[PDB]
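This document opens with one chain alone, in structure tokens, the form deposited in one PDB entry.
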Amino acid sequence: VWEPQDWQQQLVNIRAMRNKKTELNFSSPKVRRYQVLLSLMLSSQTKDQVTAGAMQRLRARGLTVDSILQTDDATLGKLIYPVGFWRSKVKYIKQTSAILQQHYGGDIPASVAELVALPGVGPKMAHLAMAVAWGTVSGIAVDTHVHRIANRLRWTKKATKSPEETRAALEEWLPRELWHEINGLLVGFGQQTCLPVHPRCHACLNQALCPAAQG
């Protein structure tokens, strides 16, 4: 089983480079699972505080599957504005919530295949939902940050072209106890250091170990 060189120390350096650091009240674990899924569906192209503001405005009215289905599209749009792609997210949340009401007893699904079939729910959100809502490690949630950093550090046997290719390559060697945590670490690492353009390699602890920085 192939594994990249120096990956242990590289992850140690990413842990040291992170910046400085609440938990919300849920009426029941079942309602929490729905709100966990909704926050994942709202975060696309959105700063975390804007997503939290939308979640706070939804909770202030009562954030359940039934109350969402009783909220018309225009009202739901004003509530989640200005999250990115808010008009599409209104459609995704209403259609998903109707699926959960009809077929899942108001709960969220408990498998990746069923989650990614929901409107506006991709494999990245599905693996995060499995970990956060059900406590299940089903896979690695690969966004553009994880895909870029894994290829810069050569954490894949060969360079991958798509995020789900990166997921399959990372899961072949990455220990399973790190599958959930690696998403939050690399997302932050890509946001503050390993930038999409002009990465801050001069101030990165991985420069002497990074194949991208060395060539």
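Numbering starts at 1 and follows the sequence shown.
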ask   = As recorded in the PDB entry, how many deposited residues are without coordinates between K21 and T22: none, 1 to 3, 4 to 9, or 10 or more?
value = 4 to 9
remark   = Mean B factor on CA atoms, stretches 122 to 130 and 92 to 100, record says higher is 122 to 130
task = Read off the CA B-factors in the entry, average them over 102 to 110 and over 68 to 76, and name the higher stretch.
result = 68 to 76
remark   = Among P163, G188, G62, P29, the highest C-alpha B-factor in the PDB entry belongs to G188
request  = Within this chain's modelled residues, let me know which third the CA B factor of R167 belongs to: lowest, middle or highest.
outcome  = lowest
query = Within this chain, which third does the Cα B-factor at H147 fall in: lowest, middle or highest?
reply = lowest
inquiry  = Please place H180 in the lowest, middle or highest third of its chain according to the CA B-factor in the PDB entry.
reply    = middle
note = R33: CA temperature factor from the record, placed by chain third, in the lowest
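Just so it is clear, the following notes concern the form deposited in another entry, a form of the same protein that is not shown.
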ask   = Do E114 and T160 move together or apart in the other entry, judged by C-alpha distance changing 3 Å or more?
value = farther
Relative Cα spacing, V112 and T156, in the other entry - shift of 3 Å or more = farther
